[PDB]
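Chemist: For reference, the file query.txt (compact mmCIF, N, CA and C atoms) is included below:
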```txt
# COMPACT_ATOMS: atom_id res chain seq x y z
N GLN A 1 114.68 89.20 98.90
CA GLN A 1 115.21 88.10 98.39
C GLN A 1 114.76 87.65 97.02
N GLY A 2 114.04 88.46 96.25
CA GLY A 2 113.68 88.10 94.93
C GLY A 2 113.18 89.35 94.16
N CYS A 3 112.45 89.07 93.10
CA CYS A 3 111.85 90.18 92.37
C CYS A 3 110.36 89.84 92.13
N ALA A 4 109.56 90.89 92.04
CA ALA A 4 108.12 90.80 91.96
C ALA A 4 107.62 90.97 90.53
N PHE A 5 106.47 90.33 90.27
CA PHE A 5 105.80 90.40 88.97
C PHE A 5 104.64 91.39 89.00
N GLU A 6 103.96 91.54 87.83
CA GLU A 6 102.85 92.54 87.75
C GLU A 6 101.82 92.23 88.80
N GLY A 7 101.34 93.31 89.48
CA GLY A 7 100.31 93.16 90.43
C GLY A 7 100.74 92.75 91.85
N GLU A 8 102.03 92.37 91.91
CA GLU A 8 102.62 91.92 93.20
C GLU A 8 103.29 93.07 93.91
N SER A 9 103.28 92.97 95.23
CA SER A 9 103.99 93.90 96.09
C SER A 9 105.45 93.95 95.81
N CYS A 10 106.00 95.13 95.77
CA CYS A 10 107.42 95.38 95.62
C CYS A 10 107.95 96.21 96.80
N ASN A 11 109.23 96.07 97.01
CA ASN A 11 109.95 96.88 97.98
C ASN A 11 111.32 97.10 97.37
N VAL A 12 111.78 98.36 97.29
CA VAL A 12 112.98 98.63 96.54
C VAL A 12 114.27 98.07 97.20
N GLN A 13 114.26 97.74 98.48
CA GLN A 13 115.39 97.09 99.12
C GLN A 13 115.41 95.56 98.92
N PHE A 14 114.26 94.94 99.04
CA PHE A 14 114.18 93.50 99.18
C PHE A 14 113.59 92.75 97.97
N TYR A 15 112.62 93.39 97.33
CA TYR A 15 111.83 92.78 96.31
C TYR A 15 111.47 93.79 95.26
N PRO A 16 112.48 94.22 94.48
CA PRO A 16 112.14 95.15 93.36
C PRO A 16 111.33 94.41 92.33
N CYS A 17 110.67 95.17 91.44
CA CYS A 17 110.02 94.52 90.32
C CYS A 17 111.05 93.84 89.39
N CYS A 18 110.68 92.68 88.89
CA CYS A 18 111.56 91.99 87.96
C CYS A 18 111.73 92.82 86.67
N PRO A 19 112.98 92.84 86.14
CA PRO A 19 113.28 93.70 84.98
C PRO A 19 112.86 93.06 83.65
N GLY A 20 112.80 93.90 82.64
CA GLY A 20 112.48 93.47 81.27
C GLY A 20 111.03 93.31 80.91
N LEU A 21 110.15 93.74 81.90
CA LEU A 21 108.73 93.46 81.82
C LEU A 21 107.86 94.71 81.84
N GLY A 22 108.48 95.92 81.77
CA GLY A 22 107.73 97.16 81.82
C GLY A 22 107.27 97.56 83.21
N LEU A 23 107.80 96.95 84.26
CA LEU A 23 107.23 97.17 85.59
C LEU A 23 107.91 98.32 86.34
N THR A 24 107.07 99.13 86.94
CA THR A 24 107.47 100.22 87.84
C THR A 24 106.86 99.94 89.19
N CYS A 25 107.60 100.23 90.28
CA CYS A 25 107.17 99.95 91.63
C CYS A 25 106.48 101.21 92.23
N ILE A 26 105.15 101.19 92.25
CA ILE A 26 104.42 102.41 92.60
C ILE A 26 103.70 102.23 93.92
N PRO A 27 103.91 103.15 94.92
CA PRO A 27 104.82 104.29 94.83
C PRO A 27 106.29 103.94 95.05
N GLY A 28 106.58 102.80 95.67
CA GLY A 28 107.97 102.42 95.85
C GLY A 28 108.72 103.24 96.86
N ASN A 29 108.06 103.60 97.97
CA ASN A 29 108.62 104.53 98.94
C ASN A 29 108.76 104.02 100.33
N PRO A 30 109.29 102.78 100.57
CA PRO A 30 109.92 101.89 99.58
C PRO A 30 108.97 100.82 99.03
N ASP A 31 107.79 100.69 99.58
CA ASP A 31 106.87 99.66 99.14
C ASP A 31 105.98 100.17 98.01
N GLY A 32 105.53 99.24 97.18
CA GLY A 32 104.64 99.57 96.08
C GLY A 32 103.98 98.32 95.58
N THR A 33 103.37 98.47 94.38
CA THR A 33 102.88 97.37 93.59
C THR A 33 103.49 97.51 92.22
N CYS A 34 103.89 96.37 91.59
CA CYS A 34 104.47 96.43 90.29
C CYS A 34 103.38 96.66 89.24
N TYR A 35 103.51 97.74 88.51
CA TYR A 35 102.54 98.22 87.55
C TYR A 35 103.17 98.25 86.17
N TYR A 36 102.44 97.80 85.14
CA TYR A 36 102.96 97.78 83.81
C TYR A 36 102.77 99.13 83.06
N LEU A 37 103.90 99.58 82.49
CA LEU A 37 103.89 100.68 81.53
C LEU A 37 104.42 100.23 80.18
```
Here is the file; what I need is its structure written in the form of structure tokens.
Modeler:
Amino acid sequence: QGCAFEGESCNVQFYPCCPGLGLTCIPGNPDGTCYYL
């Protein structure tokens, strides 16, 4: 139901990383942590 910021848990179905911020969801399989590149 939203998007995640750096350092926050992500899930590619429910809570992808918020865009425009360099964030990748690692590992994102489907869960990860939003990491800055």
Chemist: So that I can see what lies close to residue 11 (chain A), please list as a PDB file with N, CA and C atoms, in the frame of the given file the residues with an atom at most 6 Å from it, counting all atoms listed in the file and leaving out residues fewer than 3 positions away in the same chain.
Modeler:
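Final output, saved to result.pdb:
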```
ATOM      1  N   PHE A  14     114.260  94.940  99.040  1.00  0.00           N
ATOM      2  CA  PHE A  14     114.180  93.500  99.180  1.00  0.00           C
ATOM      3  C   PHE A  14     113.590  92.750  97.970  1.00  0.00           C
ATOM      4  N   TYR A  15     112.620  93.390  97.330  1.00  0.00           N
ATOM      5  CA  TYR A  15     111.830  92.780  96.310  1.00  0.00           C
ATOM      6  C   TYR A  15     111.470  93.790  95.260  1.00  0.00           C
ATOM      7  N   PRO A  16     112.480  94.220  94.480  1.00  0.00           N
ATOM      8  CA  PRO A  16     112.140  95.150  93.360  1.00  0.00           C
ATOM      9  C   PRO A  16     111.330  94.410  92.330  1.00  0.00           C
ATOM     10  N   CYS A  17     110.670  95.170  91.440  1.00  0.00           N
ATOM     11  CA  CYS A  17     110.020  94.520  90.320  1.00  0.00           C
ATOM     12  C   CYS A  17     111.050  93.840  89.390  1.00  0.00           C
ATOM     13  N   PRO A  30     109.290 102.780 100.570  1.00  0.00           N
ATOM     14  CA  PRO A  30     109.920 101.890  99.580  1.00  0.00           C
ATOM     15  C   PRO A  30     108.970 100.820  99.030  1.00  0.00           C
ATOM     16  N   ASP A  31     107.790 100.690  99.580  1.00  0.00           N
ATOM     17  CA  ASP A  31     106.870  99.660  99.140  1.00  0.00           C
ATOM     18  C   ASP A  31     105.980 100.170  98.010  1.00  0.00           C
ATOM     19  N   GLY A  32     105.530  99.240  97.180  1.00  0.00           N
ATOM     20  CA  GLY A  32     104.640  99.570  96.080  1.00  0.00           C
ATOM     21  C   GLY A  32     103.980  98.320  95.580  1.00  0.00           C
TER      22      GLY A  32
END
```
Chemist: Taking the DSSP assignment computed from this structure's backbone, write out as a list in words all residues of chain A that belong to strand (DSSP E or B).
Modeler: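 Here are the strand (DSSP E or B) residues of chain A: residues 4, 9, 10, 11, 15, 17, 23, 24, 25, 26, 27, 31, 32, 33, 34, 35 and 36 of chain A.
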Chemist: Please list as a PyMOL selection string every residue within 7 Å of residue 22 (chain A), counting all atoms listed in the file and excluding residues in the same chain fewer than 5 positions away.
Modeler: chain A and resi 35-37
Chemist: Please, what distance in Å, to one decimal, runs between atom C of residue 21 (chain A) and CA of residue 1 (chain A)?
Modeler: 19.3 Å
Chemist: Got a sec: who's within 12 Å of residue 19 (chain A), counting only C-alpha atoms, leaving out chain neighbours fewer than 6 positions off, as a ChimeraX atom specification?
Modeler: /A:2-6,25,34-36
Chemist: Which value, in Å to one decimal, gives the distance between atom N of residue 20 (chain A) and CA of residue 8 (chain A)?
Modeler: 14.8 Å
Chemist: Can you give me N, CA, C and O atoms for region 20-37 of chain A, written as a CSV table (one decimal), in the frame of the given file?
Modeler:
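The new file result-v1.csv reads:
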```csv
chain,number,residue,atom,x,y,z
A,20,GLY,N,112.8,93.9,82.6
A,20,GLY,CA,112.5,93.5,81.3
A,20,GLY,C,111.0,93.3,80.9
A,20,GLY,O,110.7,92.8,79.9
A,21,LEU,N,110.2,93.7,81.9
A,21,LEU,CA,108.7,93.5,81.8
A,21,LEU,C,107.9,94.7,81.8
A,21,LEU,O,106.7,94.6,81.9
A,22,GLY,N,108.5,95.9,81.8
A,22,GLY,CA,107.7,97.2,81.8
A,22,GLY,C,107.3,97.6,83.2
A,22,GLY,O,106.4,98.4,83.3
A,23,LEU,N,107.8,97.0,84.3
A,23,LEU,CA,107.2,97.2,85.6
A,23,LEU,C,107.9,98.3,86.3
A,23,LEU,O,109.1,98.5,86.4
A,24,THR,N,107.1,99.1,86.9
A,24,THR,CA,107.5,100.2,87.8
A,24,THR,C,106.9,99.9,89.2
A,24,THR,O,105.7,99.4,89.3
A,25,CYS,N,107.6,100.2,90.3
A,25,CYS,CA,107.2,100.0,91.6
A,25,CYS,C,106.5,101.2,92.2
A,25,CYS,O,107.2,102.2,92.6
A,26,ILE,N,105.2,101.2,92.2
A,26,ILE,CA,104.4,102.4,92.6
A,26,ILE,C,103.7,102.2,93.9
A,26,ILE,O,102.9,101.3,94.1
A,27,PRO,N,103.9,103.2,94.9
A,27,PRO,CA,104.8,104.3,94.8
A,27,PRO,C,106.3,103.9,95.0
A,27,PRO,O,107.1,104.7,94.7
A,28,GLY,N,106.6,102.8,95.7
A,28,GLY,CA,108.0,102.4,95.8
A,28,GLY,C,108.7,103.2,96.9
A,28,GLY,O,109.9,103.6,96.7
A,29,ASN,N,108.1,103.6,98.0
A,29,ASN,CA,108.6,104.5,98.9
A,29,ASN,C,108.8,104.0,100.3
A,29,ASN,O,108.5,104.7,101.3
A,30,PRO,N,109.3,102.8,100.6
A,30,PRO,CA,109.9,101.9,99.6
A,30,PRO,C,109.0,100.8,99.0
A,30,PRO,O,109.4,100.1,98.1
A,31,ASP,N,107.8,100.7,99.6
A,31,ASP,CA,106.9,99.7,99.1
A,31,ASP,C,106.0,100.2,98.0
A,31,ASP,O,105.7,101.4,97.9
A,32,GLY,N,105.5,99.2,97.2
A,32,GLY,CA,104.6,99.6,96.1
A,32,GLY,C,104.0,98.3,95.6
A,32,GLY,O,104.1,97.2,96.2
A,33,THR,N,103.4,98.5,94.4
A,33,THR,CA,102.9,97.4,93.6
A,33,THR,C,103.5,97.5,92.2
A,33,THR,O,103.6,98.6,91.7
A,34,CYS,N,103.9,96.4,91.6
A,34,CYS,CA,104.5,96.4,90.3
A,34,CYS,C,103.4,96.7,89.2
A,34,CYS,O,102.4,95.9,89.1
A,35,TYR,N,103.5,97.7,88.5
A,35,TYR,CA,102.5,98.2,87.6
A,35,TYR,C,103.2,98.2,86.2
A,35,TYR,O,104.3,98.7,86.0
A,36,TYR,N,102.4,97.8,85.1
A,36,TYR,CA,103.0,97.8,83.8
A,36,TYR,C,102.8,99.1,83.1
A,36,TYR,O,101.7,99.7,83.0
A,37,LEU,N,103.9,99.6,82.5
A,37,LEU,CA,103.9,100.7,81.5
A,37,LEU,C,104.4,100.2,80.2
A,37,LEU,O,103.9,100.8,79.1
```
